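The same protein chain appears twice below, in two forms, each given on its own as structure tokens and labelled structure 1 and structure 2.
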Structure 1
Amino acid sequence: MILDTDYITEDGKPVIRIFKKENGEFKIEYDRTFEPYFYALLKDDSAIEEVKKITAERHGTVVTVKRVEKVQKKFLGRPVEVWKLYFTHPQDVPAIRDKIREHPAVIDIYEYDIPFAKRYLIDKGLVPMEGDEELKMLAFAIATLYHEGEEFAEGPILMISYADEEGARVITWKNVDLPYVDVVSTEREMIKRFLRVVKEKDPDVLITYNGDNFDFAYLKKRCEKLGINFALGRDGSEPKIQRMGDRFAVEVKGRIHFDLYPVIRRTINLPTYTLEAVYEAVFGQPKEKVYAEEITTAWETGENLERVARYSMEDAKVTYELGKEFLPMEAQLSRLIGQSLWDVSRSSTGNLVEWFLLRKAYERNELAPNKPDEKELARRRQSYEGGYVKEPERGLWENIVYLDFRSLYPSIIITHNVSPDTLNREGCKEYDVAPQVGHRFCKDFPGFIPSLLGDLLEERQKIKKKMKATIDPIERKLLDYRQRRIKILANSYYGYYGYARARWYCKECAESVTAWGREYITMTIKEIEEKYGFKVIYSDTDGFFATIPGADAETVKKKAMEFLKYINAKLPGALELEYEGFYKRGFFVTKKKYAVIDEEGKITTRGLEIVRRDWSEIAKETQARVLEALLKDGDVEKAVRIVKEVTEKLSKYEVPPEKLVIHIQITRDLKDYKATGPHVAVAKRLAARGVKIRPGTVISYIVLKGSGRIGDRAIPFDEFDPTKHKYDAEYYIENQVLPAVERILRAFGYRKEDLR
């Protein structure tokens, strides 16, 4: 199993290291034969010996073109000849590429920004995380001494906890009377003991929660103050702290540093991403938070350190359990994309698609288009029309079916062969023409993307077959993760086409996909209404809700099935309309906001305040209770009574403050805000006290009694003191609870004033 690749330099030459786990044994394979390269398109082929002779400077060393070679490649499906330029060292490419490009005899250069170690995985056809290897995992966490106003890591680390399959332990340098606590005499001894634990356990994976931006940088700065060689890497190196623009990321050579924090933020939608909230959401069990003020207080007084150590132990324990839950899924992502788990677990959609495509392009001798520079990025600013959204027939409906297309956009891409290499390609026998926008797509050969998509969807079906047939629980589950990752990847191609930073950006492809989607859904709506007598209540992009106004539940179901047989005989290629479900009742509030109830009483909500982090729990819970009384009991009277009891509890200050918290993400640097809403106001005051506020921070605040601007009486919920602060009961009535329920209960004649 390949874990990662990198390179080191030996006598001026790159040596690739392949880090592997084979038969339970860690191995480093060295490859001295791989040459960095990129491609150049020349106006005339005699110009090569001119550019073959260009040189650059790399702090000290002159940089030469090592050697050149003419190759035949495809570019967007058309044959092309280019010069492959080889170099001695990968750092030669950034030093020289701008000067080779600026040459008047060079039309353009290509594949000039591919990191050497990732280039190696692609060109050698190596796929990380393949095979039957069990990885040894170890989670760790730290507790630090924090004082408001101090610089980062001016205080000592107080405890280091770690956990694996054998249990969890805490190292600390004060006496704590617990069996899982190991006491050493100093902070230096604690770090050194932790280093020895990691060396002795020799894990393949180090799991942290936000270790990229807290734990390792804290450890590093203490190790600098204390004179510790923090040799965590299997090659004896220190953790390598890389700038990723906004934040940092930390590598441990020969291991996989698996930071759960970027993984969870991209995998689950939670109102906040504290370790306690993530653990409770994933496993359903509570985890108690101990705050920095309490930790520092316990350390300086020497009292109740057992509580701090138990919290520290539990941090490591739940980090391990979360690592066990999420690492297998990320390993399948790594195998599918063909890049290291470290990389893919820190990457966004656009990057992941692009790395998959670069590997496929290499496999097919397709030269990669370049990323856009500034002038092209501005040229790609234009938007295009998206999915069709019908204004709902608002209100309460009975006996509804939902019909939707199976994977509408992937079906369109495959059926109509939508790809930048087939777009208006001249000379073909056959074309499909996008409605409205008119783009033509050659059908004579499978386009690059449709071909990859079709392979993906076919592989996913084969995995589902192997899953049901396989006789192995571990294999069955890894297959499940793989088919889920394939679905996400296949569903990512449409948006990637419209992504202005994409190498294979194609706005014509993107808007042809949406145009066909609009044509299929609106034509299907027309057929069901005109030929089958349905009333379409609401429709959004790839599906619609419909009923037969005067009909009973069984009539609606059966005629829906008849329509499906009718319409699917008319739909071309991979387009397929499917029966998604029957809902006894549904309430449609606005576009993209509705709730339905199935025959077993399960309520599904979409777009409603109940799902949003920026609405208080008291409002969300009231909306939920109103929707239960309407959809399940058909009892408007009960729903109104519910609202009146909630508004009465608020005005008597009987609601727990925890149900009044509003969670809102900070999305940018605080000085970049043109306007200051309440969460920005809270964040700015926290940053004034020295608190680290970065994009992605979730501000959790409560609105206090007073008047004027909400932001002027908003405070972090952590600071809420029910003895010195009064929450704004009227604010949570008038701005939270009543707005969330009013738009539902208006359909039955009630105004806000009859609910207070």
Structure 2
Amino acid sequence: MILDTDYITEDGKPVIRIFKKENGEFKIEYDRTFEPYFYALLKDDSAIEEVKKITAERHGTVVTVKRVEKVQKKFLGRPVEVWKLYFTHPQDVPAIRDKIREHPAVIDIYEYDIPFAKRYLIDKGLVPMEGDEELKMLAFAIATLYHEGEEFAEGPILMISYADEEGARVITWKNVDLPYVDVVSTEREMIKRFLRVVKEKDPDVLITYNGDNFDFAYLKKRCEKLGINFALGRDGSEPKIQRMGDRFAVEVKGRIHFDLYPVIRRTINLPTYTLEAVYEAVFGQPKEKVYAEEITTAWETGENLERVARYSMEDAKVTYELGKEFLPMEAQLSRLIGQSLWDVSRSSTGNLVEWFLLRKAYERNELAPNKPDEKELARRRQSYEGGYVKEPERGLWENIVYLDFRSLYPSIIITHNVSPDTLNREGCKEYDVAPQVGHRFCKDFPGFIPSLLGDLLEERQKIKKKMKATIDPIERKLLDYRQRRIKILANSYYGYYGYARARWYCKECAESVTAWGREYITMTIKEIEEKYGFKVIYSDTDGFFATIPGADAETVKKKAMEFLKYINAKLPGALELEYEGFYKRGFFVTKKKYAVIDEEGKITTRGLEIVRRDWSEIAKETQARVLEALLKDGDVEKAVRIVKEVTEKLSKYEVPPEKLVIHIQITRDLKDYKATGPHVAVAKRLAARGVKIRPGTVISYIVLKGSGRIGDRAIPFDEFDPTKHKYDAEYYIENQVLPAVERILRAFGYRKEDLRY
């Protein structure tokens, strides 16, 4: 199993390293034969002799073109002849590439910005994380001595905890009477012991939570101060910090540093991403939080250190547990994308698609288009029409079916061969024309992206069928993650086409996909009403809800299945409408906002405040109780009684302050805000206290009793003290509860006059 690749430099020459785990044995393979390169498109041939002359400088010495090779490659489906330029060292490429593009004779250059070690994985057809090799894993966390202001890492590390299959332990340098605590004499000896532990356990994966930006940088600063060689790498190296945007990421050579924080935030949507919040979300069990100030007071007063050690132990324990949950999924993602688990775990959707496509392009001799320059980026700013959304029939409905397209946008892409290399091709025998927008797509040959996407959808179906007859529960799970990631990958192509930064950007393709989508959904709606007497209650992009106005449940169901037979015979190729589900009742508030209930009693909610992480728990809970009484019992009265009991409790100040907290993310640098709403007002005051606020920080605030601008009465919930300040019962009644439930009850005629207290 390949874990990762990198290179080093020996006498000015690059040496690839392949990090592997085979039969339980760590191994490093070395390759001294791989030559860096890029491509150049010239206007003639006699221009190559001049171009080889081109040179630059980096490390004092001169940079030159090692050798040149004329090759034939497809570009956007059309054959092209390009000059491949080889160099001695990968860093030669950034140094000389601009001057070689500057040359009058060179039209363009390509594939000049692919990191050498990823180029190697691609060109050699190597795939990380293949096979069934069990990886040894180790989580760790630290507890530090924090003081207001100071300097980062001015205080010592107080404890280091770790956890794996053998359990969780804490290393510390004060006596703590707990069986999982190992006591040493100083900070230096505690770190040294942790190094020894890592070295003895020899894990393939080190799991942290935010280790990319806290844990490793803390250790690094302390290790310099204490004169420690922090040689976590399997090659004796120290952890390597890389800049990644405005933050950082940390590699440990020969190992995989798996920071759960970027994985979790991209994978689940939570109102906050503290480790306690994530543990509870994923596993449904609370985890106690111990705050910095208590840690510090405990250590400085020598009192109550057991609480601190237990907290530190639990950090490591749950980090290991979250690691076991998420690492298998990311390992399947690494294998699917063909890049290291380290990279893939820290990548966005867009980047994952590009790496997948770069590899497929190499396999098919397809030259990669470049990332857009500034002038091209500006030209990529126009938008286009998206999904079709019907104005809904507001109200409470019974016996409704949801019918939806299976993989609408991928279906369209493959059925109509929608690709930048098939767009407006000249001299083809057959074409498909996008409705409304009119782009023509050649059908004579499979398009680059359509063919890949067809392979993906077919592999996913084969996996799903194998999964049913797989006895081994573990293997079944792995197949589940693989099939799960293929679906997310397949569903990213539409968006990628419209992504201005994408190499295979194609606006005409993006808008032809949505045009076709609108056509098929609207055609299907027209037919079900006109031909089968259904009434379409609500439709958004790729499915709709419908019922037969006066009909029975069995009638709507049976007639739905009949309509599917009818319509699927009319739909071309891979397009397919399916019977998603039957729902006894549904309530449709507005576009994008509804809730439905299946026969078993499960309630599915879309867009409503219940599912928004920026509304108070009291509003959400109350709306969910109103909807349950309506959907589950069709009992309007009981609903109104629920709202009245809630407004009374708020009026009396009986509602737990915790349920009043509003969580809103800071989306930008605090200086960039044009206007300042409450969460911004709060964030600014915290910055002013020296609290750090970066984009992505979640502000959790409560509105205090008072009048005027809400932002002036809002405070961080942690500063809330019931003895000093009362919450604003009026705000939560008038701005949270009533608006959310009111928009539902207006359909039964009830006023906002009602119901109050």
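Rigid core: the largest C-alpha set superposing within 1.5 Å between the two forms. Residue indices: 1-based, along structure 1.
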Inset, instruction - Can you spot, among 590, 470, 415, 91, the one with a CA shift of 2 Å or more between structure 1 and structure 2 after core superposition? - result: 470
Inset, instruction - Would you say whether residue 28 is displaced between structure 1 and structure 2, judging by a C-alpha shift of 2 Å or more on the superposed rigid core? - result: no
Inset, instruction - Using a superposition on the rigid core, decide whether the Cα position of residue 692 changes by 2 angstroms or more between structure 1 and structure 2. - result: yes
Legend entry - Cα displacement of residue 490 between structure 1 and structure 2, once the rigid core is superposed (Å): 0.3
Legend entry - Angstrom displacement of the CA atom of residue 708 between structure 1 and structure 2, core fixed: 1.6
Legend entry - After superposing on the core, C-alpha shift for residue 723 between structure 1 and structure 2 in angstrom: 2.1
